[PDB]
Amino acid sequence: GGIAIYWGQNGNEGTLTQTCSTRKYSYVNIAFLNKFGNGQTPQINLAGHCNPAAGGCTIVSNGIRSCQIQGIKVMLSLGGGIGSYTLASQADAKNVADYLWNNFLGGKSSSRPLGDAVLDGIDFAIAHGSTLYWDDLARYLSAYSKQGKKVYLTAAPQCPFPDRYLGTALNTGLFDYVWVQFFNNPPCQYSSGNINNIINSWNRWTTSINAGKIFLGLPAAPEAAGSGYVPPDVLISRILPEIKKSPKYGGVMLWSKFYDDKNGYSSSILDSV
C-alpha cells in the first residue's frame, strides 16, 4: 500500500513541495480549514507556513501541483483538533460545498486560499461540534464530480466505531479513502504489548462501511499524540502482517509530517506498508 501524510500544522516541517519530494507519501492532506459553517467566513490555518490573508498562502499551489505531477493525491482537510468549524443545517452543507468547489476545486473564485491549483479532493477530519449534515456535505461535494474531474472524498474518523461525527457520511459509500485514527483513543489503539484492541477495531472498520480503501492511522512519534504511539518494529512485525491481509487495506496514515521527520517513522516502515 501507500502512506498518507498530514502537512500544514508546523511551519518547521518543510514545504509541501519538499514533503512530496521525499517519495515516501502517496497522499497528502493539507491541514486545516478549521473554520467554516454557520455563516462564518471559511478560514484556513497552516501554522507558521503562510498567512492566508491577501493571498499569502496562494504559493501553496506550487506544492500542490508539484505533488500531483508526481502522482500524489492532495486533499484539503476540513476540521482538525482545533476550530469552530460546523454545519448548522443542510443548507449550510450546500453553501460550504459550493464554497469548497469555487475556492479549492474546479470552481472559480478571486480569493482561492491556496491559489489556482485544483485539489484532488476533500478530507473530513471532523472531531467535534456538529454531528449532523456531514453526509449532506459529502453528497454535495461528490455530485460535482459529474462536471468532468472527480472530487475525491477521504475521512479521518477516530477509531471508535461507529464514529460519532462521520458515521453517517461514511454510510453513504461515497468515500474513496478512510484513514482511521488509531490513537488518542485507549479502547481501540495500541497499548504496550497489546495489539488486541487495535486489531479488533481494525476488523470493525474493514467489515462494515463501503469505502475505496482503509488505512491504519497512527502518530508519527510519541510527541504527536497524547497516547497510542506504536514503535516501528511492533507495527512491522505484529500489526502489518495481519491488517495487510484485508483486501480493503490501503496502507498507513501518519500524523504528522513534522513528527515523522523527527522520529523517522515513515523512513523505517515505508517498504513494509
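Numbers for residues come from their place in the sequence shown, where the first is 1.
Asker: Between 167 to 175 and 143 to 151, which has the higher average C-alpha B-factor in the PDB entry?
Answerer: Higher of the two, by average CA B-factor, is 143 to 151.
Asker: With reference to the PDB entry, specify whether the mean Cα temperature factor is higher for 71 to 79 or for 84 to 92.
Answerer: Of 84 to 92 and 71 to 79, the stretch with the higher C-alpha B-factor average is 84 to 92.
Asker: By the entry's C-alpha temperature factors, tell me which of 216, 44, 64, 28 sits highest.
Answerer: If I rank 216, 44, 64, 28 by C-alpha B-factor, first place goes to 44.
Asker: Among all modelled residues of this chain, ranked by Cα B factor, put residue 33 in the bottom, middle or top third, i.e. lowest, middle or highest.
Answerer: According to the entry, residue 33 has a C-alpha B-factor in the chain's lowest third.
Asker: Among the chain's modelled residues, which third holds the C-alpha B-factor of residue 262?
Answerer: As the PDB entry reports it, the C-alpha B-factor of residue 262 lands in the highest third of its chain.
Asker: Of the three thirds of its chain by CA temperature factor, lowest, middle or highest, which one includes residue 103?
Answerer: It belongs to the middle third of the chain when residues are ordered by C-alpha B-factor.
Asker: Can you work out whether the C-alpha temperature factor of residue 181 puts it in the lowest, middle or highest third of the chain?
Answerer: It falls in the bottom third of the chain.
Asker: Which third, lowest, middle or highest, does the C-alpha temperature factor of residue 18 belong to within its own chain?
Answerer: Ranked within chain, residue 18 CA B lands in the middle tercile.
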